[PDB]
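Below is one structure; the comments refer to it alone.
When reading the values below, keep in mind they use all heavy atoms of this one structure, side chains included, and skip hydrogens, waters and symmetry mates. Lettering of chains follows the sequences in order, A, B, ..., and the numbering in each one begins at 1.
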Amino acid sequence: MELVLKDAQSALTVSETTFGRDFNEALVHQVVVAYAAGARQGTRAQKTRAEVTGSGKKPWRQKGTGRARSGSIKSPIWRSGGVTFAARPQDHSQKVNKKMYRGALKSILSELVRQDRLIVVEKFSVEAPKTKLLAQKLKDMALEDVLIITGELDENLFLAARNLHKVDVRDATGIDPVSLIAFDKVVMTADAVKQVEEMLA
Amino acid sequence: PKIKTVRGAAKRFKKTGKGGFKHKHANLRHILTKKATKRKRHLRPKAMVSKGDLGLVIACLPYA
Amino acid sequence: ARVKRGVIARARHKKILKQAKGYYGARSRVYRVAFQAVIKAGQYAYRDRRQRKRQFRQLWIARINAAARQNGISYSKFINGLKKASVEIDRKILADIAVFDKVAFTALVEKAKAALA
Amino acid sequence: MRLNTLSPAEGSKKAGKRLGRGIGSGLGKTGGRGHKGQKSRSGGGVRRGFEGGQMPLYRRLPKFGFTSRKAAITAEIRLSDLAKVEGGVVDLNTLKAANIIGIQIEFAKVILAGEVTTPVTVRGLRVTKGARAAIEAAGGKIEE
RNA sequence: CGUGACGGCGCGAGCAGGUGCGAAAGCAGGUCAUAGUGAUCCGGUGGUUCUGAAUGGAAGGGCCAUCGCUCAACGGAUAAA
RNA sequence: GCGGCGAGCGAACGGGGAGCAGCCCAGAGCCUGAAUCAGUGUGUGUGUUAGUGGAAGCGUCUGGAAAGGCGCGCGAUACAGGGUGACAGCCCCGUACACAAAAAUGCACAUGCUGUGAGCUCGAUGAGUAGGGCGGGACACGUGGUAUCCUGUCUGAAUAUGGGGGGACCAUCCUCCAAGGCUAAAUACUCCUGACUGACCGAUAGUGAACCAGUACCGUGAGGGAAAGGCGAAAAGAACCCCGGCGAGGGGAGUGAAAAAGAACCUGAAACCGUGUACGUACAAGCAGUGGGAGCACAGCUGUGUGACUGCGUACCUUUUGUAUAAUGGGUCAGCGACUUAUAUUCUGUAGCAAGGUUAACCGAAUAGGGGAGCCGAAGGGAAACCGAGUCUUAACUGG
Ligand SMILES: [K+]
Ligand SMILES: [K+]
Ligand SMILES: [K+]
Ligand SMILES: [K+]
Ligand SMILES: [K+]
Ligand SMILES: [K+]
Ligand SMILES: [K+]
Ligand SMILES: [K+]
Ligand SMILES: [K+]
Ligand SMILES: [K+]
Ligand SMILES: [K+]
Ligand SMILES: [K+]
Ligand SMILES: [K+]
Ligand SMILES: [K+]
Ligand SMILES: [K+]
Ligand SMILES: [K+]
Ligand SMILES: [K+]
Ligand SMILES: [K+]
Ligand SMILES: [K+]
Ligand SMILES: [Mg+2]
Ligand SMILES: [Mg+2]
Ligand SMILES: [Mg+2]
Ligand SMILES: [Mg+2]
Ligand SMILES: [Mg+2]
Ligand SMILES: [Mg+2]
Ligand SMILES: [Mg+2]
Ligand SMILES: [Mg+2]
Ligand SMILES: [Mg+2]
Ligand SMILES: [Mg+2]
Ligand SMILES: [Mg+2]
Ligand SMILES: [Mg+2]
Ligand SMILES: [Mg+2]
Ligand SMILES: [Mg+2]
Ligand SMILES: [Mg+2]
Ligand SMILES: [Mg+2]
Ligand SMILES: [Mg+2]
Ligand SMILES: [Mg+2]
Ligand SMILES: [Mg+2]
Ligand SMILES: [Mg+2]
Ligand SMILES: [Mg+2]
Ligand SMILES: [Mg+2]
Ligand SMILES: [Mg+2]
Ligand SMILES: [Mg+2]
Ligand SMILES: [Mg+2]
Ligand SMILES: [Mg+2]
Ligand SMILES: [Mg+2]
Ligand SMILES: [Mg+2]
Ligand SMILES: [Mg+2]
Ligand SMILES: [Mg+2]
Ligand SMILES: [Mg+2]
Ligand SMILES: [Mg+2]
Ligand SMILES: [Mg+2]
Ligand SMILES: [Mg+2]
Ligand SMILES: [Mg+2]
Ligand SMILES: [Mg+2]
Ligand SMILES: [Mg+2]
Ligand SMILES: [Mg+2]
Ligand SMILES: [Mg+2]
Ligand SMILES: [Mg+2]
Ligand SMILES: [Mg+2]
Ligand SMILES: [Mg+2]
Ligand SMILES: [Mg+2]
Ligand SMILES: [Mg+2]
Ligand SMILES: [Mg+2]
Ligand SMILES: [Mg+2]
Ligand SMILES: [Mg+2]
Ligand SMILES: [Mg+2]
Ligand SMILES: [Mg+2]
Ligand SMILES: [Mg+2]
Ligand SMILES: [Mg+2]
Ligand SMILES: [Mg+2]
C-alpha cells in the first residue's frame with residue numbers, strides 16, 4: 001500500500017493490515033466509549049441516613065399519638081433526611097483488551113485513509129516558536145482543524161500550536177483513538193508513519 | 001468479596017467429567033448386621049446427584 | 001445527575017385536568033379526583049360505542065313498527081314480507097323513509113303484503 | 001467516522017430492568033416479587049442449601065475421602081507441550097522454564113494428548129505407554 | 001424393571017469364584033408375601049499392595065468390615081432446658 | 001485446614017513488586033582521637049513569607065445598554081479564568097513569559113567549633129531463664145493425635161564437648177543461636193494552609209448552617225435543635241400634589257428599558273377565595289359521568305360555550321375465595337419519597353483473539369508501551385498411591 005506524500009510529491013509504502021483494513025464500527029465504538037469513561041473523575045458523595053447530622057432519638061412514641069410511626073429524623077422519607085442510596089466516589093474506567101485497542105486504532109487509521117483525512121508529509125516544522133508562523137503555514141496547506149503527529153516533538157512547533165484551539169501537536173507514541181476521530185484532518189510526518197506502523201505491528 | 005464455599009458440601013461431592021457430581025450413598029455407616037448383603041453391596045459404589053438436587057449442590061459449590 | 005420532577009409532573013397533571021373540564025367540583029379542579037373521573041369517562045365511552053349501535057337500532061325498529069301499523073301490518077310481519085320479496089333495505093333507511101316519505105313507505109308495505117299473500 | 005456517527009453493535013446493549021415504575025412497564029407495584037412472604041421482603045431469602053428444615057442434602061449424605069498433598073505437586077504434560085521447551089531435552093527444569101508446569105511441581109507425567117513430530121529426549125519424567133510409543137515413533141528417546 | 005421431589009426403598013434373570021442337597025433334570029444369594037425401624041456428625045474395634053508436613057518410622061487420616069440413639073415430636077433444632 | 005464438621009472462620013510454603021542498611025553493650029590490650037552521628041556558628045545555593053513588567057480594534061446595524069449581526073484589521077510561548085448595562089483574544093483584572101527581598105525562616109551542600117569514638121588483637125556470648133505440672137489466653141487451628149507462642153500459680157536445666165527449631169513422638173540429617181539493645185525508606189492519617197479539578201448539589205438539594213447557626217427555641221442537666229437566599233445595569237429607593245387620624249393604605253406626578261421591577265420587590269404554577277359575562281337551575285331523587293339531544297348565546301352550514309329531556313351507569317388503592325361495600329388508606333395542592341452500590345460467581349447477548357485467551361501489583365510523563373507473577377482452557381478415572389484415552393471396581397470381568 002502506497003501513501004502519497006504532499007510536500008515531497010513521492011510515495012511511501014505501509015502495511016495493508018494497518019492502513020488498509022476494513023472499518024469495524026462495533027469495535028471502534030467500544031474503544032472510544034472506554035476512552036471517555038477513562039476520563040471521568042468520579043468524585044462525589046451524598047449522605048446516607050447514617051451520615052446525616054442528628055441524633056438517634058425516636059421522634060415520637062410508637063403508638064398512641066395518631067401519627068405515622070417514625071424511627072429516625074434521618075429517614076430518607078423525611079425532608080432533611082438521608083439519600084436512600086447515597087453515592088460514593090467511583091472508578092469508572094473500563095478494561096480494553098490490548099488486541100482490541102490496537103485493532104480499533106488500525107480500523108480508525110484505515111478509515112482516515114479512505115475518507116482522505118490522513119495527510120502524509122516529509123517534514124512539518126516552524127523556524128521560531130511563534131503562533132503567527134504556524135497559522136500562516138496551516139493556511140498555506142488549507143488546514144484549519146488538524147492533528148499533527150510528528151516523530152520527535154519539535155519544541156518550537158509545540159509552543160507555536162498552544163494558543164491555536166483547533167490544532168494539536170503530538171508525538172507518535174501519544175496518539176489516542178478519540179483524537180484521531182475528533183479532528184477534521186490528521187497530518188503525519190513520514191517518520192511518524194513508520195513509528196506508528198511499528199507500534200501497531 | 002469472594003464467594004465462600006460451603007465447606008461441608010465440598011467434603012461430600014466431587015465434580016465429574018461432564019459437570020455432574022458424584023457422592024457417597026447414605027445408610028452404610030452403622031446398624032449393618034440387620035441389612036442384607038445385597039443392599040449393602042449396592043450402597044458401596046459412588047452415585048451421581050439427581051436432577052432435582054443439582055441446583056442445591058451447585059449453589060453450595062461455586063468453585064467446584 | 002440529580003433530576004428535578006417539577007416540569008414533567010406539571011405537564012402530566014395539566015393534561016388530565018384539561019380532559020376534566022366541565023366536571024363538577026373537585027372533579028374539574030383536584031388532580032386525584034379528576035384522574036379517577038377521566039378514567040371512568042373513558043370506560044363509559046368504550047362501553048357506549050357498543051351501546052350506541054344497540055340504541056339506534058332499537059329506535060329505528062320502534063319507528064318502523066309505528067309506520068307499519070299505520071299501514072295495517074305489524075313490524076314482525078312487515079320485515080318477514082320484505083325478506084320474502086328480496087328487499088334488502090336496512091332499518092336505518094326504512095325508519096328514515098317512514099318519517100320523510102310516507103308515500104314510499106306505503107309502497108314498501110304493499111310490496112311486503114304481496115309477498116306474504 | 002465522527003464522534004456523533006458511531007453506533008454499538010445490534011444486541012450488545014440491553015437495557016436494565018427498572019422495578020416499581022408504573023403499570024405499563026410490567027414491573028410496577030410489587031416489582032416481580034409476588035405477594036408477601038419471606039422472599040418478598042428487603043433482605044429476604046433463605047441461605048444456600050436450606051431446604052425448609054428437612055436435613056439438607058449436603059448433610060444427610062456422608063463425607064468421604066482425604067486430600068492428597070502429593071497430588072498438588074504432580075502435573076501432566078501433553079505431547080503438544082514437548083516441542084515448546086527450549087533445547088529439545090524435556091525435564092522438570094525445562095518444563096518450568098517454558099511455563100508448562102508450576103514452579104513447585106516435583107513430579108510430572110507425559111500422556112498421549114496432542115501430537116509430537118520432532119525428536120525429543122525426556123529425562124526424569126514418567127511417560128504413559130501410549131506417549132512412549134508416540135515419542136519414540138517421532139525419533140525421540142526416554143531416559144529414566 | 002418397579003416406586004419415590006429427593007435421601008432412598010424394592011424385584012431381578014444371568015456372569016465369575018467357592019458350596020449344600022439330588023441318580024439326574026435341577027433347586028438354593030434366608031423364612032408364603034406385605035410391619036419388626038433411625039440419616040449425618042462424633043467416636044470405638046478389627047483388617048488393609050492407600051497416605052505419612054526434612055528423611056526412615058510413628059501418630060493421625062483414608063478405604064473395607066462392624067459397633068454406639070423409645071434422636072418414638074420417629075427427615076432426627078442443642079451434648080445439655 | 002478449623003468448625004454444635006452447623007452457621008461460619010480461614011492460613012502458610014512458594015512466586016511477582018515497592019523500598020532497601022545495618023549496628024552496639026554484656027571488655028580488656030594495642031593503636032590512638034582516625035569513622036560516625038548530634039549540637040552550635042559561618043558560607044553558597046534553593047525555596048517560603050510582600051511584590052514588578054506583561055501583546056493586540058475600529059466602523060456600522062439592532063437595542064435602554066453591544067461584548068451580538070455585518071464589514072475590514074491586529075496579538076498569541078498570552079483563546080486558563082473573572083468582570084464590564086446582552087455572548088469581549090485586542091475595555092478592565094489577569095494569563096504565557098520574564099524579573100524581584102531590607103528582614104525572618106525551611107531544605108540541601110560546604111566549612112568551622114563541640115561532643116561522639118574508628119581500627120587491629122585477644123577474649124567474652126544475657127538463669128529463677130529454656131523446659132516441665134496446673135489454670136487461662138494467642139496462633140486460620142474450638143484440646144483435638146496438636147507442634148509453636150504468652151504467663152497467673154508451683155517448679156526448674158545445659159550453658160558451645162552446649163542449646164532452639166523442622167506441627168504428637170523417636171532416630172538421623174539440616175538449619176539457627178533465646179533469656180540485652182538501637183536503627184532510615186517503602187506504610188497510616190488530615191484539625192489546618194495553597195493551587196487546581198469534577199458526566200457532584202443548586203435553597204424541601206448541597207454542610208444542621210449560602211443569611212450574625214450550633215444561633216432562636218426546648219430541656220434541671222447531659223443534650224436536642226430550626227426556619228430564613230434573588231429590586232435594578234445603576235438607588236436613579238419615588239421631589240411635589242391629592243384623600244386619610246401631621247395614620248395605615250391608596251391615586252397622580254416623576255425615575256427607569258420595564259414600577260402587575262416600589263423595597264410584602266426576578267420569574268410568579270397549583271390548591272384556595274373573588275368580581276364580570278354567556279347558558280343552565282326553585283315538581284326534583286343516588287359515584288354526578290357517558291351515549292343520544294332540543295333550545296339559547298357566540299364566532300365564522302360549521303366551530304366554541306351551555307345542556308332541558310332521555311338509555312346506561314354503586315369512586316380509587318390495598319387486601320382477599322370474594323368488596324358499592326358499613327374492610328384499609330388518602331382534607332386538597334405543590335415539592336421530596338422506595339430494587340441501589342462494590343466485589344465475587346454463573347447464564348444470555350455482543351466484540352476481540354483462538355488451541356489458546358488474558359494479564360495483577362508495579363514500571364512508565366503516558367487511557368500508549370512494558371510487566372505473563374498468575375488465572376482459565378486443551379484429560380480423565382480413583383478415597384489414595386497410581387494409571388492414563390482410559391480408569392475404577394474385583395481373584396477376574398460375559399460386565400458395570
Ligand atoms: K420529604
Ligand atoms: K492547541
Ligand atoms: K420474579
Ligand atoms: K515442615
Ligand atoms: K418433628
Ligand atoms: K473576557
Ligand atoms: K496446641
Ligand atoms: K440536624
Ligand atoms: K436543614
Ligand atoms: K418584572
Ligand atoms: K403575586
Ligand atoms: K344522562
Ligand atoms: K390502601
Ligand atoms: K388485610
Ligand atoms: K381479611
Ligand atoms: K374497621
Ligand atoms: K453478571
Ligand atoms: K462473553
Ligand atoms: K469401562
Ligand atoms: Mg436510647
Ligand atoms: Mg440532605
Ligand atoms: Mg496495559
Ligand atoms: Mg464404616
Ligand atoms: Mg442540576
Ligand atoms: Mg402523574
Ligand atoms: Mg380551582
Ligand atoms: Mg380551574
Ligand atoms: Mg404481570
Ligand atoms: Mg412468594
Ligand atoms: Mg402488598
Ligand atoms: Mg399469601
Ligand atoms: Mg431491613
Ligand atoms: Mg508461570
Ligand atoms: Mg417356614
Ligand atoms: Mg410370614
Ligand atoms: Mg465434637
Ligand atoms: Mg488405619
Ligand atoms: Mg516424615
Ligand atoms: Mg418428622
Ligand atoms: Mg495587559
Ligand atoms: Mg459591533
Ligand atoms: Mg438581560
Ligand atoms: Mg545468646
Ligand atoms: Mg521454646
Ligand atoms: Mg514456661
Ligand atoms: Mg509442652
Ligand atoms: Mg500449658
Ligand atoms: Mg516456667
Ligand atoms: Mg520440637
Ligand atoms: Mg516433622
Ligand atoms: Mg438547607
Ligand atoms: Mg426557588
Ligand atoms: Mg434554659
Ligand atoms: Mg404614604
Ligand atoms: Mg435579570
Ligand atoms: Mg414578582
Ligand atoms: Mg392563582
Ligand atoms: Mg306532585
Ligand atoms: Mg322546573
Ligand atoms: Mg338529592
Ligand atoms: Mg340508572
Ligand atoms: Mg375475609
Ligand atoms: Mg360488586
Ligand atoms: Mg359489607
Ligand atoms: Mg356510606
Ligand atoms: Mg371504604
Ligand atoms: Mg392500608
Ligand atoms: Mg389492616
Ligand atoms: Mg385488617
Ligand atoms: Mg382516613
Ligand atoms: Mg487429572
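- Put simply, the side chain of D/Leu79 reaches to within 4.5 Å of the side chain of D/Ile135, judged on heavy atoms.
- Counting non-hydrogen atoms under 4.0 angstrom, C/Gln43 reaches nothing in the nucleic acid.
- The residue B/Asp53 sits close only to the backbone: its heavy atoms come under 4.0 Å of sugar-phosphate atoms, none of a base.
- Using atom P as the reference point in both F/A78 and F/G89, the two lie 16 Å apart (nearest Å).
- Base-pair annotation: F/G57 with F/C72 meets the Watson-Crick or G-U wobble criterion (two N/O distances, each under 3.5 Å).
- Contact annotation for C/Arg29: backbone-only contact, meaning every heavy-atom pair under 4.0 Å involves sugar-phosphate atoms and none involves a base.
- Remark: F/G47 base-pairs with F/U105. Criterion, Watson-Crick or G-U wobble with two distances under 3.5 Å.
- Checked by distance alone, C/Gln55 brings a side-chain donor or acceptor within 3.5 Å of a matching partner on the base of F/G311.
- The pairing partner recorded for F/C120 is F/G29, the criterion being a Watson-Crick or G-U wobble arrangement whose two distances lie under 3.5 angstrom.
- Within the 4.5 Å cutoff, the side chain of D/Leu61 has heavy atoms near those of the B/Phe13 side chain.
- For the criterion of Watson-Crick or G-U wobble pairing, both bonds shorter than 3.5 Å, the nucleotides F/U143 and F/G245 do not count as partners.
- Separating the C1' atom of F/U350 from that of F/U204 is a span of 44 Å, rounded to the nearest Å.
- The base of F/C99 engages F/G51 as a Watson-Crick or G-U wobble partner, both distances under 3.5 Å.
- Going from the P atom of F/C20 to that of F/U161 covers 41 Å, rounded to whole Å.
- Residue C/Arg54 is out of contact with every strand shown, counting any heavy-atom pair closer than 4.0 Å.
- Under 3.5 Å, the side chain of D/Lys70 and the base of E/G52 form no donor-acceptor pair of N or O atoms.
- In this structure, E/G43 and E/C67 make a Watson-Crick or G-U wobble pair, each of the two defining distances being under 3.5 angstrom.
- In terms of the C1'-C2'-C3'-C4' torsion, F/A326 has a south-puckered sugar. The angle is below zero.
- E/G26: sugar pucker north (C1'-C2'-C3'-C4' torsion positive).
- If you check every strand for non-hydrogen atoms under 4.0 Å, C/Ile39 touches nothing.
- Within a 6.0 Å radius of CD in A/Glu51, other residues, nucleotides and ligands contribute more than 12 heavy atoms.
- Residue contacts for C/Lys21: at a heavy-atom cut-off of 4.0 Å it reaches no nucleic acid atom on any strand shown.
- Its glycosidic angle being more than 90° from 0, F/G289 falls on the anti side.
- Between the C1' atom of F/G225 and the CH2 atom of A/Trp60 lies a distance of 16 Å, rounded to the nearest Å.
- Taking atom P on both nucleotides, F/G29 is separated from F/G123 by 16 Å, rounded to a whole Å.
- F/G19 and F/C2 are not base-paired: they meet neither the Watson-Crick nor the G-U wobble geometry with both distances under 3.5 Å.
- A/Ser75 comes within 4.0 angstrom of no nucleic acid atom, judged by non-hydrogen atoms across all strands.
- Annotation: of the two residues near RNA chain E, B/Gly52 and B/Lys46, the 5′-most nearest-nucleotide partner is B/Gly52.
- Between B/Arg12 and B/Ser50, it is B/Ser50 whose nearest contact on RNA chain E lies nearer the 5' terminus.
- A donor-acceptor contact closer than 3.5 angstrom links the side chains of D/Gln54 and D/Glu51.
- As rounded to the nearest Å, F/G68 and F/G214 have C1' atoms that lie 50 Å from one another.
- In this model, a side-chain donor or acceptor of B/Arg7 finds a partner on the base of F/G1 within 3.5 Å.
- Base contact: B/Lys4 has a heavy atom under 4.0 Å from a base atom.
- Pairing partner, F/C397: none, since no Watson-Crick or wobble contact has both distances short of 3.5 Å.
- Entry note: F/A216 and F/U323 fail the pairing test, Watson-Crick or G-U wobble at under 3.5 angstrom for both distances.
- F/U325 and F/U320 have their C1' atoms separated by 14 Å, with the value rounded to a whole Å.
- Applying the 3.5 Å cutoff to both bonds, F/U172 and E/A54 register as a Watson-Crick or G-U wobble pair.
- C/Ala37 comes within 4.0 angstrom of no nucleic acid atom, judged by non-hydrogen atoms across all strands.
- F/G64 is unpaired under the criterion used here, namely a Watson-Crick or G-U wobble arrangement in which both key atom distances are under 3.5 Å.
- Between D/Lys36 atom NZ and F/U318 atom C1' there is a gap of 10 Å when expressed in whole angstrom units.
- To the nearest angstrom, P of E/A39 lies 6 Å from NZ of B/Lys35.
- Sugar conformation, F/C339: south. The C1'-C2'-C3'-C4' torsion carries a negative sign.
- Taking atom P on both F/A360 and F/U367, the two are 15 Å apart, rounded to the nearest angstrom.
- Heavy atoms of B/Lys11 sit under 4.0 angstrom from at least one base atom.
- Remark: B/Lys14 fails to qualify as a cation-pi partner of B/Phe21 under the 6.0 Å distance and 45° angle criteria applied to the six-membered ring.
- For F/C90 with F/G73, the Watson-Crick or G-U wobble criterion holds, each of the two distances under 3.5 Å.
- Residue-to-nucleotide contacts include no donor-acceptor pair under 3.5 Å from the side chain of A/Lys57 to the base of F/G223.
- A Watson-Crick or G-U wobble pair links F/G53 with F/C97, both defining distances under 3.5 Å.
- D/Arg18 places none of its side-chain heavy atoms less than 4.5 Å from the side chain of D/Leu27.
- A positive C1'-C2'-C3'-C4' dihedral is found for the sugar of E/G8, placing it in the north range.
- With a cut-off of 3.5 Å on both pairing distances, the Watson-Crick or G-U wobble partner of F/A138 is F/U148.
- Remark: side-chain polar atoms of C/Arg63 are not paired, donor with acceptor, to backbone N or O of C/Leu59 under 3.5 angstrom.
- Note on C/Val33: nothing from the nucleic acid sits closer than 4.0 angstrom, heavy atoms only.
- Counting to the nearest Å, the P atom of F/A366 and the NZ atom of A/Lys98 are 16 Å from each other.
- The side-chain ring of A/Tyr35 is stacked on the base of F/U367, judged by centre separation under 5.5 angstrom and plane angle under 30 degrees.
- In this structure, D/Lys109 fails the cation-pi test against D/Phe107, since its NZ or CZ atom is not both closer than 6.0 Å to the six-membered ring centre and inside 45 degrees of the ring normal.
- Between F/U304 and F/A297 there is a base pair of the Watson-Crick or G-U wobble kind, both of its two distances falling under 3.5 Å.
- Here B/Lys15 lies out of heavy-atom contact (under 4.0 Å) with every strand.
- Among the atoms of the strands shown, none is found under 4.0 Å from any heavy atom of A/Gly103.
- Nucleotide F/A236: unpaired (no Watson-Crick or G-U wobble partner with both distances less than 3.5 Å).
- For E/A5, there is no paired base (Watson-Crick or G-U wobble, both distances below 3.5 Å).
- Nucleotides F/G295 and F/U306 qualify as a pair under the Watson-Crick or G-U wobble definition, both contacts being shorter than 3.5 Å.
- When heavy atoms are screened at a 4.0 angstrom cut-off, A/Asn156 is found touching no nucleic acid atom at all.
- Side chain of D/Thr128 to main chain of D/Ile111: no donor-acceptor pair is present (N/O by atom type, distance under 3.5 Å, no hydrogens or angles).
- The pentose of F/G167 belongs to the south class of puckers. Its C1'-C2'-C3'-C4' angle has a negative sign.
- The number of heavy atoms from other shown groups lying within 6.0 Å of NZ (A/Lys58) is above 12.
- More than 12 heavy atoms of other residues, nucleotides or ligands sit less than 6.0 Å from atom NZ of C/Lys53.
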